[PDB]
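Peer 1: Structure incoming, see below.
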Amino acid sequence: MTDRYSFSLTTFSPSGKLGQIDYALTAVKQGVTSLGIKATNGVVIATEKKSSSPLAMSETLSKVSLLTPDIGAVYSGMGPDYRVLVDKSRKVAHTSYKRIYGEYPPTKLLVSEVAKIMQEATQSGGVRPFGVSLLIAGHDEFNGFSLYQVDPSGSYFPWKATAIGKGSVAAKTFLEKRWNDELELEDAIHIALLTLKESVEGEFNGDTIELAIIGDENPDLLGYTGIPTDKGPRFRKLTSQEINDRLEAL
Amino acid sequence: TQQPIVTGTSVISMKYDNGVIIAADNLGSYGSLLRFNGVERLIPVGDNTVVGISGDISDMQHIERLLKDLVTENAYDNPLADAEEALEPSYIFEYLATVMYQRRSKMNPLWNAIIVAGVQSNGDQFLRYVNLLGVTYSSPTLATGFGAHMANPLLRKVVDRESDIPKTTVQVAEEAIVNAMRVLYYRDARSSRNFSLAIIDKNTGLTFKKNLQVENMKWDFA
Amino acid sequence: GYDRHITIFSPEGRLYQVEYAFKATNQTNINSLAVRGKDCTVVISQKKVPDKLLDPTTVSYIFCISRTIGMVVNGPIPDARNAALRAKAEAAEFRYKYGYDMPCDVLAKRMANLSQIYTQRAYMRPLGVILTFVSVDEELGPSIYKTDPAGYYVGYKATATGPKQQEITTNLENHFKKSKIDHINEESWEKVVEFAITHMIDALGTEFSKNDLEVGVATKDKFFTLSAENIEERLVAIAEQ
Amino acid sequence: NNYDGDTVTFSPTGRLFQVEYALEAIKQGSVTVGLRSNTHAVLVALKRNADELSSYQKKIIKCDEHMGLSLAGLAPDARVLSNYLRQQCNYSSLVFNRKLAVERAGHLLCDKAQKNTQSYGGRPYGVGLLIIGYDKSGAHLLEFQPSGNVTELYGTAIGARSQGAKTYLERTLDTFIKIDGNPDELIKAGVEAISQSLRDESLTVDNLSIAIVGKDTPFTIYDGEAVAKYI
Amino acid sequence: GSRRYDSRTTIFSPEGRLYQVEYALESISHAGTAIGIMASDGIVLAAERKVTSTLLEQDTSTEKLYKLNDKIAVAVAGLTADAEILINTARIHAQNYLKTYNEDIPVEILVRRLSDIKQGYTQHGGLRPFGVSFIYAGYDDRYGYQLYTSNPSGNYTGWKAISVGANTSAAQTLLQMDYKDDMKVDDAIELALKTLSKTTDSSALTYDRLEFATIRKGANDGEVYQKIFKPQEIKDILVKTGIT
Amino acid sequence: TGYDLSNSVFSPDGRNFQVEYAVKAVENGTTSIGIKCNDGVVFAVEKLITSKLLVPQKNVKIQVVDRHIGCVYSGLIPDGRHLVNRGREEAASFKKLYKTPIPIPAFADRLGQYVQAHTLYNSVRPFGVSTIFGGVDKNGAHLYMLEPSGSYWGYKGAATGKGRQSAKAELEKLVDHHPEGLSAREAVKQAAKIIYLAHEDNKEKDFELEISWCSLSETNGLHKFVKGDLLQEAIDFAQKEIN
Amino acid sequence: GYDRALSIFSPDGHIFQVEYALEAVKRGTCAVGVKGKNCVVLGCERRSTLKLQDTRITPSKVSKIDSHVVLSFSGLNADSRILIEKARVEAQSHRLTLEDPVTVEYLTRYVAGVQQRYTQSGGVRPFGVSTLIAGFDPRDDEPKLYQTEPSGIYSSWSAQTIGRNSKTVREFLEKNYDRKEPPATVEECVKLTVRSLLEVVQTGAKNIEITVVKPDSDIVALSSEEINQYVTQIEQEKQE
Amino acid sequence: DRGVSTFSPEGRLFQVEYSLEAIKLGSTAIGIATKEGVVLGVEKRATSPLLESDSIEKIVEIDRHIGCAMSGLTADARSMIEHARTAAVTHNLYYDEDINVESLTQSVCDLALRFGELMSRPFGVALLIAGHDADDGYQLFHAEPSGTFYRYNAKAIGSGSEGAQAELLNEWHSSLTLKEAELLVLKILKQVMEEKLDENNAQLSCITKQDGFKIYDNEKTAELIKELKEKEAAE
Ligand SMILES: [Cl-]
Ligand SMILES: [Mg+2]
């Protein structure tokens, strides 16, 4: 018994490709479209909620996840792989940062830790790479707002705006025409909804769309009062009703 | 390193012409408090061996479980478990002796003094002692605790050496044991009146007597 | 083609061992169904005992995981019991560590995470089972959460699993289109069990004796399975209407 | 064919080829015979040399004062297994003051061989053993195969051309079982048994190996001029 | 068992080559070119970003050039994720040396250890090697300015000028032509940019597809300064040499 | 293909061919049975007499676990012994922690999970035995049969080995003709008959019969081997029925 | 841990991984060792497809293991660092316990033992390196030259060469080296070593390295001009 | 590929059988046992004339009463010798006596099968272990990578073994003197060797009860070579 697979399952082919990473990116291509847009005073991340059955309650399945009070994540590719990555990402923000410095990690460094975890699944013994690409949006005091993409290889890139998954090629082109460096957060939400309608086929409402923002601090969502320096999470998930309000003036 | 909590006092025994007798009272002491009165400190193993235990009772109950398990383990893949390959008194002893000495060598002893009494397959009498230190010895009479000081002198008047064993009957031997138990009730501050007695004979087998009482006592003389 | 033997990606980004584990799910040829009432959650499953030499009372695919959580399995019994024992152990440890009963959805996530690991780690095969967890959660109320060999999980208004799952699924869909609500609007669990059996009969097109079915019911503070005579009593009530 | 790469693989008909290949190493080994009466048990072994300049490979190993075996196949594997038996016999004496039953000895060898047939990386043992002994239930003879199978017998033989001796003992069963209280006659029967497995070669003084254990006889081995009596 | 699925990453070919190392080098040859040039009064690091998109955030980005300590930097060619694993190890190693000896680590010592880690992945453990080649640029008070390169084999060498990644053959010829020993930093800046501009697979070399850095003693008196160029500064230096 | 070369690998059907191959090793083995009765269980097995040189009564195949459970198996005999050794460890640790002897259903799952574990990895081989086992606990009698896949159920009667179909047919008749129940002493006699009837499928070598039983009334809830007068009586009953 | 037996026997009785490691040595740059009456000289080829090199900082081909022993090699450069490091550590460990520096034979025996261990250990491949180890034993003036190879075998040589085209330079040394009269001086020994490399090298410019080891920890590396004088002198005598 | 500890269909271990082929490629080693002592001789076989032949060490001391000669992948023998020396010295520490030659040989042979998936492969070298003890006198053993050892009156291993062994079959008798054995090893080595035998490319050694294990000088062997040539010409 015991894990006898102590050797790499991802290896270089004669042409220099890393097969399993390439094939993981192929799994991401098949995945449902998700996107992220960076505004001057915030960031928006969005995706379609592909329901497996109409008897299924799609509210119980969250594609957009809070990592820290100021950082959120969305993905394209394999859901189960994403779910465990969120678990690990939430924990590493505490173990390798908050328990040391008494504050939450800046976006770039949390992204760096997730990237490390994904790199190790590419080199360690007896494992396949993760079959997901992540889009991580967040805010921190000294870097402001930021948006990052993390691929199965472990590589990460900062973006003004981007898309991943099914119809990413068309969605990226759409975003290039609409994006400028003076966009306000509400303008970025509007563009996010427009971009997503192109890739969505069936119903397009607040129940089939999942959308969250990184913006102003929300004191009402903090849960307590009395500490002036604590002002609340910048991450907020938009409600089904809040999405439909913006779909009328579309 | 331990300290004993709930304890049992003397275990006494002797050889006679056809077998061995062993006895021990039914008390579980908690320091000076005579706390438990239904405690059986003689444990039979098969129909040919009785193990008598004094000292810590929690450790006694552990040894009970070990012996119980030994009977189970011996029966495994053993068609002669109730015949030629049944547990002998000598096997049961050597096992316990090994365990006792190993535990003392790990500085975590089983806080007990133990006497294994029985009859071997060839008819020979078996009687041997072992304690928390792993010290072992054999003699025509054996006793633990206070019994060593008060019972042995009385039992040695009946069987003083090897040649006295064939000359001693079961009636004479049991009489000496029962008398010794009375003397211990007079003089040991941690003895009870109630006790158990076991005879292992090469002809009549194992006779286990429960709920015996010390009687015919002399006090009338203050 | 060793990419089909272990859980590594194929050129098209697929995991064949996971896909083949899904096909093992139907190896028993049994269909299960779960619905929610106002106060309860009912799960029913077919019971097929082909051999006359079998003790029918020992043939079961419904498990009592904890006092509040029940679980029905679609798949081979060895893997089913493997999943059950782990779930029982996990639910017991959760209560010890965190001081309250493990919720149905949290246990579902945990078992789904374990399944995910087998899809990523090579030395461990996926279990060829689909696990349906039911309870009346003290926060979320009547709950149905389902796990598969891919490590996927989600909550359900109602659900079905097995070879003829699609027929049962649409039958339930059409009812909830009509009723316009998320559950069975019924007071007693007895009539929710009757609803569950009635709609399984319509979807599968077969009649059931007392020994052809297996019923689990979750209420507040306990999950329990029904006896043959409890089901017979329930079958009589359907027939007399 | 495709299912003989390791012991952890079953063939489509339910066979373990690595175990069967280990069984084959025994068949190539030199013949050895075992037989018993009610009072004694006897091993007889034909020893094999490399050439006329070499010694003759020893086939019989003592395990305890009351137990021992003969080997056919890979000799180093017999050394590992005999050493294990020596320890188990010894554990029984030190802990329980009890001579290890020949039957338990068999059960222990079975379970040690089995573990090497169900795990990756290992290999089956490549040797067969004939264990003789005298314990509390009289004389015994066991046959060990590296598949794990252990069998109690009145008589038997393993190695190349062992079928000749095995047939002879099957005929002689009623005679040799009642050779009680006579060592030299029980050996004579075993020496006559092993003779049915000889081809072109005959039993010489540095070729024959005999062992005996019984009621009033410790396990002792005879070689050299001590076996000249039986040729 | 699992033997069936083992690639055997750490074995020799019949010709005496290491398959996985050779294939990792083949991977690196498709990565964006990186150049290092050592002058008498400083070092230049220049690297080309892999085909950029217009919506990429260029200023808050790091792909090619990384800081190891205040005196040493590296240019990367290969898998970025792999490189960051090695960069963090190198960063820690530098701090260990400083903690032990109270002196900044000599460049070669850091380069040797990082190269020794790469070597290990080719001899034992059954894992794939790191698909990365580094150009090390640094200063210490023993040898002054130094350039090194390491590759997946774990072999390292020193250079006056060197390139890694794509088109190294063409790049090395051009550097070998125009390089001379008495060269200054500002001349080396020009040589680096001119070489990339001629070897690039792109249509024209622009500011948004470059990372640039210098290591000068151009601070104030006997001390070394690392300058990782900002986007606008690369735009200016590209105009100053007349490439755009 | 190649899906059958490694244990724990799913075929495109959703099958583990290595386990199915282990079943072939079981089908090759000698016949063994189990009969559930009024207040207990009875086990019996066929022992092929390969040679005159085999000592009668001295190659015992039925094994006891704890003091109340009996186990018999068909297939690779060493594999069966390994399973019983584990069974004895499992039963010992249960009794150690919980005091009471292990219930039969509890014991059944301990073997089940252990056998199932040997279908999860390619570094181990599945068990080459089907095991019939059972005994008496606080809730009465229980009979079980466990297969290489880890699958097990409760049984009124059970059979495995080369003569399983013959024995199954004979078992079904007893279930039909005795709805109220079969007595322990009757079940011993019937067990002998069924082994003799199932021996028709292995009739080159003649055989040796071995029976054991657990009964609340007859053996006081403990596992015992049937020997002497009761065995010969059961043999004679079987001999009369084949003629 | 990774366990795979990578070095195994083949039907013909060869260990291919060890033999393929020898092919890596054959690919490496040429190295030569010649011992005189009172010295040992280690010569090494450096390939000239690498211009723009920085020779100040580039790893030298001949490495000091201790102040009295040196080690050169042919084969995989990265592999050689591991052997050199281990040897240097054993050198200091020997001084610590025995209170005497290593003999050249002992240091060689250790390095060879390491190489052998990597030929029958699981999860590892053999070293793609052969070494020349030269020096003088403590308080001894007799020159020592040893050779090791991937298999683990080692032996002493009056003169020896390893690496690419080593068979050509071995041919030269076999007819130009007299056992009865080894190079009597330092000059004679360096010249014979440079001559032997000139059979294989190309230009005698920055392609040849020469290191001279004399008794009592007297080791020095020759510069370009010093070596170039030998190259210039040899060519003028050749035109005859 | 396939397991390292795999059996062939004929019941032999592949890796052990393949290591035996490596030993056939090795240089010749011969041993002869007499009542006056045991002689061990080897072919050095230098690969080049520039190699200093006296550094070729294929005869080796294990203890004062036990010597050893090798043939095959000789680098593999180092750890075997190291174990043998430790075993011999350790036994002297534990029992204040010399260890029996057979017990030494058995200890070395225990290492042999300790390979698999322990070391990664069998040893590629065969050993001739020669010694003396009080119980069984002068002894010669042949230790193989199979874990098997045979006692021999005389034995040859290596490339010239089967031809040399047939020669030893004819020449050996139970009354050979030590001097007779020395000449016999030289004679048989000269027959099977490629290059012409002399004191530089062949090495002799012996173990006697009185003087223990001794490797001969090149001067001493040279005179035995001269004595051998003169005796063959004398009839
Ligand atoms: Cl989890
Ligand atoms: Mg897997």
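Identifiers in this document derive from the order of the structure tokens: chains are assigned A, B, ..., residues are numbered from 1 separately in each chain, and ligands are numbered from 1 in order of occurrence.
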Neighbours of ligand 2 within 7 Å, counting only C-alpha atoms and all ligand atoms, as a VMD selection string?

Peer 2: chain C and resid 6 to 7 118 to 126

Peer 1: Could you report the residues within 8 Å of ligand 1, using only C-alpha atoms and all ligand atoms, as an mmCIF file with N, CA and C atoms, in the first residue's frame?

Peer 2:
data_model
loop_
_atom_site.group_PDB
_atom_site.id
_atom_site.type_symbol
_atom_site.label_atom_id
_atom_site.label_comp_id
_atom_site.auth_asym_id
_atom_site.auth_seq_id
_atom_site.Cartn_x
_atom_site.Cartn_y
_atom_site.Cartn_z
ATOM 1 N N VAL A 84 -11.730 23.418 -3.707
ATOM 2 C CA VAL A 84 -10.627 23.093 -2.788
ATOM 3 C C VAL A 84 -9.519 24.154 -2.818
ATOM 4 N N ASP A 87 -10.673 26.859 -0.470
ATOM 5 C CA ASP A 87 -10.411 26.401 0.900
ATOM 6 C C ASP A 87 -8.942 26.640 1.267
ATOM 7 N N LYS C 109 -20.120 18.902 1.561
ATOM 8 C CA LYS C 109 -18.914 19.581 1.079
ATOM 9 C C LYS C 109 -17.658 18.785 1.432
ATOM 10 N N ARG C 110 -17.592 18.312 2.674
ATOM 11 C CA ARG C 110 -16.440 17.555 3.158
ATOM 12 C C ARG C 110 -16.233 16.265 2.365
ATOM 13 N N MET C 111 -17.308 15.509 2.161
ATOM 14 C CA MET C 111 -17.240 14.273 1.381
ATOM 15 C C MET C 111 -16.922 14.566 -0.085
ATOM 16 N N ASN C 113 -15.053 17.172 -1.058
ATOM 17 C CA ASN C 113 -13.622 17.490 -1.033
ATOM 18 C C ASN C 113 -12.763 16.228 -1.064
ATOM 19 N N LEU C 114 -13.134 15.232 -0.261
ATOM 20 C CA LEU C 114 -12.449 13.934 -0.276
ATOM 21 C C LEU C 114 -12.493 13.304 -1.666
#

Peer 1: Just want the 10 Å neighbourhood of residue F:168, counted on only C-alpha atoms, with same-chain residues fewer than 3 positions away dropped. Output as an MDAnalysis selection string.

Peer 2: (chainID C and resid 51:53) or (chainID F and resid 33 157:160 163:165 171:173 194 198)

Peer 1: Counting only C-alpha atoms, which residues in chain D sit no more than 9 Å from chain F? For each one, give the nearest pair of atoms and the distance in Å, sorted by chain then residue number, as JSON lines.

Peer 2:
{"residue": "D:2", "atom": "CA", "partner": "F:5", "partner_atom": "CA", "distance": 7.6}
{"residue": "D:3", "atom": "CA", "partner": "F:5", "partner_atom": "CA", "distance": 6.7}
{"residue": "D:7", "atom": "CA", "partner": "F:125", "partner_atom": "CA", "distance": 8.1}
{"residue": "D:8", "atom": "CA", "partner": "F:125", "partner_atom": "CA", "distance": 4.8}
{"residue": "D:9", "atom": "CA", "partner": "F:125", "partner_atom": "CA", "distance": 6.5}
{"residue": "D:10", "atom": "CA", "partner": "F:21", "partner_atom": "CA", "distance": 6.1}
{"residue": "D:11", "atom": "CA", "partner": "F:21", "partner_atom": "CA", "distance": 6.5}
{"residue": "D:12", "atom": "CA", "partner": "F:21", "partner_atom": "CA", "distance": 5.3}
{"residue": "D:13", "atom": "CA", "partner": "F:24", "partner_atom": "CA", "distance": 5.8}
{"residue": "D:14", "atom": "CA", "partner": "F:25", "partner_atom": "CA", "distance": 4.4}
{"residue": "D:15", "atom": "CA", "partner": "F:25", "partner_atom": "CA", "distance": 6.8}
{"residue": "D:107", "atom": "CA", "partner": "F:81", "partner_atom": "CA", "distance": 8.6}
{"residue": "D:110", "atom": "CA", "partner": "F:78", "partner_atom": "CA", "distance": 6.4}
{"residue": "D:111", "atom": "CA", "partner": "F:82", "partner_atom": "CA", "distance": 6.6}
{"residue": "D:113", "atom": "CA", "partner": "F:78", "partner_atom": "CA", "distance": 8.5}
{"residue": "D:114", "atom": "CA", "partner": "F:78", "partner_atom": "CA", "distance": 5.9}
{"residue": "D:115", "atom": "CA", "partner": "F:82", "partner_atom": "CA", "distance": 8.2}
{"residue": "D:117", "atom": "CA", "partner": "F:125", "partner_atom": "CA", "distance": 8.2}
{"residue": "D:118", "atom": "CA", "partner": "F:125", "partner_atom": "CA", "distance": 5.0}
{"residue": "D:119", "atom": "CA", "partner": "F:124", "partner_atom": "CA", "distance": 4.8}
{"residue": "D:120", "atom": "CA", "partner": "F:123", "partner_atom": "CA", "distance": 4.8}
{"residue": "D:121", "atom": "CA", "partner": "F:123", "partner_atom": "CA", "distance": 8.2}
{"residue": "D:147", "atom": "CA", "partner": "F:78", "partner_atom": "CA", "distance": 7.7}
{"residue": "D:148", "atom": "CA", "partner": "F:78", "partner_atom": "CA", "distance": 5.3}
{"residue": "D:149", "atom": "CA", "partner": "F:78", "partner_atom": "CA", "distance": 6.3}
{"residue": "D:150", "atom": "CA", "partner": "F:59", "partner_atom": "CA", "distance": 8.8}
{"residue": "D:151", "atom": "CA", "partner": "F:59", "partner_atom": "CA", "distance": 6.6}
{"residue": "D:152", "atom": "CA", "partner": "F:59", "partner_atom": "CA", "distance": 6.2}
{"residue": "D:153", "atom": "CA", "partner": "F:54", "partner_atom": "CA", "distance": 4.4}
{"residue": "D:154", "atom": "CA", "partner": "F:53", "partner_atom": "CA", "distance": 5.0}
{"residue": "D:155", "atom": "CA", "partner": "F:53", "partner_atom": "CA", "distance": 5.6}
{"residue": "D:156", "atom": "CA", "partner": "F:53", "partner_atom": "CA", "distance": 7.1}
{"residue": "D:166", "atom": "CA", "partner": "F:53", "partner_atom": "CA", "distance": 8.7}
{"residue": "D:169", "atom": "CA", "partner": "F:53", "partner_atom": "CA", "distance": 7.7}
{"residue": "D:170", "atom": "CA", "partner": "F:52", "partner_atom": "CA", "distance": 6.0}
{"residue": "D:171", "atom": "CA", "partner": "F:52", "partner_atom": "CA", "distance": 8.7}
{"residue": "D:173", "atom": "CA", "partner": "F:53", "partner_atom": "CA", "distance": 7.1}

Peer 1: Show which residues sit within 7 Å of residue H:51, as a list in words. Count only C-alpha atoms, and ignore same-chain residues fewer than 5 positions away.

Peer 2: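 Result of the neighbour search: residues 156, 157 and 158 of chain G; 46 of chain H.
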
Peer 1: For residue C:196, please output as a ChimeraX atom specification all residues within 9 Å (counting only C-alpha atoms; exclusion window: fewer than 6 positions along the same chain).

Peer 2: /C:33-35,42-44

Peer 1: Do a neighbour search on stretch 130-143 of chain D at 10 Å with only C-alpha atoms, toss out local chain neighbours closer than 6 positions, and write the hits as a count of residues only.

Peer 2: 58

Peer 1: Find the nearest atom pair between each residue of chain E and chain G for residues within 7 Å, count only C-alpha atoms, give distances in Å to one decimal, sort rows by chain and ascending number, and present the table as a Markdown table.

Peer 2:
| residue | atom | partner | partner_atom | distance |
| --- | --- | --- | --- | --- |
| E:10 | CA | G:125 | CA | 6.4 |
| E:11 | CA | G:125 | CA | 6.0 |
| E:12 | CA | G:20 | CA | 6.0 |
| E:13 | CA | G:20 | CA | 6.5 |
| E:14 | CA | G:20 | CA | 5.3 |
| E:15 | CA | G:23 | CA | 5.8 |
| E:16 | CA | G:24 | CA | 4.3 |
| E:17 | CA | G:24 | CA | 6.4 |
| E:119 | CA | G:78 | CA | 6.0 |
| E:123 | CA | G:125 | CA | 5.4 |
| E:124 | CA | G:124 | CA | 4.5 |
| E:125 | CA | G:2 | CA | 5.2 |
| E:126 | CA | G:2 | CA | 6.0 |
| E:153 | CA | G:78 | CA | 6.7 |
| E:154 | CA | G:78 | CA | 5.2 |
| E:155 | CA | G:78 | CA | 4.7 |
| E:157 | CA | G:58 | CA | 5.0 |
| E:158 | CA | G:58 | CA | 4.2 |
| E:159 | CA | G:53 | CA | 4.2 |
| E:160 | CA | G:54 | CA | 5.1 |
| E:161 | CA | G:52 | CA | 5.7 |
| E:176 | CA | G:52 | CA | 6.2 |

Peer 1: Write out the residues from the selection above, keeping C-alpha atoms, as a PDB file, in the first residue's frame.

Peer 2:
ATOM      1  CA  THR E  10      16.411  11.303 -14.197  1.00  0.00           C
ATOM      2  CA  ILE E  11      18.020   8.832 -16.638  1.00  0.00           C
ATOM      3  CA  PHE E  12      20.643   8.929 -19.402  1.00  0.00           C
ATOM      4  CA  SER E  13      20.049   8.455 -23.115  1.00  0.00           C
ATOM      5  CA  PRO E  14      22.270   5.932 -24.948  1.00  0.00           C
ATOM      6  CA  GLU E  15      24.327   8.956 -26.088  1.00  0.00           C
ATOM      7  CA  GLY E  16      24.856  10.113 -22.474  1.00  0.00           C
ATOM      8  CA  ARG E  17      22.417  13.040 -22.415  1.00  0.00           C
ATOM      9  CA  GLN E 119      21.265  19.670 -10.427  1.00  0.00           C
ATOM     10  CA  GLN E 123      19.987  13.095 -10.479  1.00  0.00           C
ATOM     11  CA  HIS E 124      17.380  11.984  -7.898  1.00  0.00           C
ATOM     12  CA  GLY E 125      13.736  12.211  -6.801  1.00  0.00           C
ATOM     13  CA  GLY E 126      12.000  11.218 -10.057  1.00  0.00           C
ATOM     14  CA  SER E 153      21.044  21.032 -15.953  1.00  0.00           C
ATOM     15  CA  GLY E 154      22.350  23.062 -13.004  1.00  0.00           C
ATOM     16  CA  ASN E 155      25.425  24.149 -14.961  1.00  0.00           C
ATOM     17  CA  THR E 157      29.098  30.006 -16.333  1.00  0.00           C
ATOM     18  CA  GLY E 158      30.331  33.624 -16.201  1.00  0.00           C
ATOM     19  CA  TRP E 159      30.020  36.195 -19.006  1.00  0.00           C
ATOM     20  CA  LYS E 160      30.957  39.681 -20.232  1.00  0.00           C
ATOM     21  CA  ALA E 161      27.751  39.660 -22.280  1.00  0.00           C
ATOM     22  CA  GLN E 176      30.257  39.349 -29.918  1.00  0.00           C
TER      23      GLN E 176
END

Peer 1: Tell me which protein, DNA and RNA residues are within 7 Å of stretch 23-28 of chain B, counting only C-alpha atoms, leaving out same-chain ones fewer than 3 positions away, and put them as a compact mmCIF listing (two decimals) with N, CA, C and O atoms, in the first residue's frame.

Peer 2:
# COMPACT_ATOMS: atom_id res chain seq x y z
N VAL B 6 -6.67 1.65 44.54
CA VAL B 6 -7.53 0.62 45.12
C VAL B 6 -6.69 -0.66 45.22
O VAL B 6 -6.15 -1.12 44.22
N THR B 7 -6.57 -1.22 46.42
CA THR B 7 -5.65 -2.34 46.66
C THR B 7 -6.28 -3.58 47.29
O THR B 7 -7.30 -3.51 47.98
N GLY B 8 -5.63 -4.72 47.04
CA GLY B 8 -5.99 -6.00 47.66
C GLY B 8 -4.84 -6.52 48.49
O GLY B 8 -3.67 -6.38 48.11
N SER B 10 -3.24 -9.74 51.33
CA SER B 10 -2.61 -11.06 51.21
C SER B 10 -3.28 -12.07 50.27
O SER B 10 -4.50 -12.17 50.20
N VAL B 11 -2.44 -12.81 49.54
CA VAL B 11 -2.83 -14.03 48.84
C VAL B 11 -1.97 -15.15 49.42
O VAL B 11 -0.75 -15.03 49.43
N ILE B 12 -2.60 -16.22 49.90
CA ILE B 12 -1.87 -17.34 50.53
C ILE B 12 -2.11 -18.67 49.81
O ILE B 12 -3.16 -18.86 49.19
N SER B 13 -1.15 -19.58 49.90
CA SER B 13 -1.21 -20.85 49.16
C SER B 13 -0.23 -21.91 49.68
O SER B 13 0.73 -21.59 50.38
N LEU B 34 -12.22 0.94 53.69
CA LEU B 34 -12.51 -0.42 53.21
C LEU B 34 -13.65 -0.35 52.19
O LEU B 34 -14.79 -0.72 52.48
N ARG B 35 -13.32 0.10 50.98
CA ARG B 35 -14.32 0.63 50.05
C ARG B 35 -15.20 -0.39 49.33
O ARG B 35 -16.41 -0.21 49.25
N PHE B 36 -14.59 -1.45 48.79
CA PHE B 36 -15.32 -2.43 47.98
C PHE B 36 -15.26 -3.83 48.60
O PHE B 36 -14.18 -4.30 48.94
N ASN B 37 -16.41 -4.49 48.71
CA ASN B 37 -16.52 -5.78 49.40
C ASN B 37 -16.87 -7.00 48.54
O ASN B 37 -16.89 -8.12 49.04
N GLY B 38 -17.13 -6.79 47.25
CA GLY B 38 -17.47 -7.89 46.35
C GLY B 38 -16.39 -8.20 45.33
O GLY B 38 -16.69 -8.61 44.21
N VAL B 39 -15.13 -8.01 45.72
CA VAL B 39 -14.00 -8.11 44.80
C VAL B 39 -13.42 -9.53 44.80
O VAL B 39 -12.95 -10.01 45.82
N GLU B 40 -13.45 -10.18 43.64
CA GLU B 40 -12.85 -11.51 43.50
C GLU B 40 -11.41 -11.39 43.02
O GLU B 40 -11.16 -10.91 41.91
N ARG B 41 -10.47 -11.82 43.86
CA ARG B 41 -9.03 -11.69 43.57
C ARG B 41 -8.36 -13.01 43.18
O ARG B 41 -7.15 -13.05 42.96
N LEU B 42 -9.14 -14.09 43.11
CA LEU B 42 -8.68 -15.35 42.53
C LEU B 42 -9.32 -15.50 41.16
O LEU B 42 -10.54 -15.46 41.04
N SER B 191 -7.80 -6.49 55.97
CA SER B 191 -8.40 -7.76 55.62
C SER B 191 -9.90 -7.68 55.86
O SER B 191 -10.37 -6.84 56.64
N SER B 192 -10.65 -8.53 55.16
CA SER B 192 -12.07 -8.67 55.42
C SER B 192 -12.35 -10.09 55.90
O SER B 192 -11.51 -10.99 55.77
N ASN B 194 -14.84 -11.97 54.74
CA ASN B 194 -15.25 -12.76 53.58
C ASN B 194 -14.08 -13.06 52.65
O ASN B 194 -13.28 -12.17 52.35
N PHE B 195 -13.98 -14.30 52.19
CA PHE B 195 -12.91 -14.70 51.28
C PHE B 195 -13.29 -15.84 50.34
O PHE B 195 -14.31 -16.51 50.53
N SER B 196 -12.45 -16.04 49.33
CA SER B 196 -12.60 -17.14 48.38
C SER B 196 -11.43 -18.11 48.52
O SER B 196 -10.33 -17.72 48.90
N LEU B 197 -11.68 -19.38 48.22
CA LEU B 197 -10.67 -20.43 48.30
C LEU B 197 -10.80 -21.36 47.10
O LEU B 197 -11.92 -21.72 46.72
N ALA B 198 -9.67 -21.75 46.52
CA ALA B 198 -9.66 -22.63 45.36
C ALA B 198 -8.70 -23.81 45.56
O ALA B 198 -7.56 -23.62 46.00
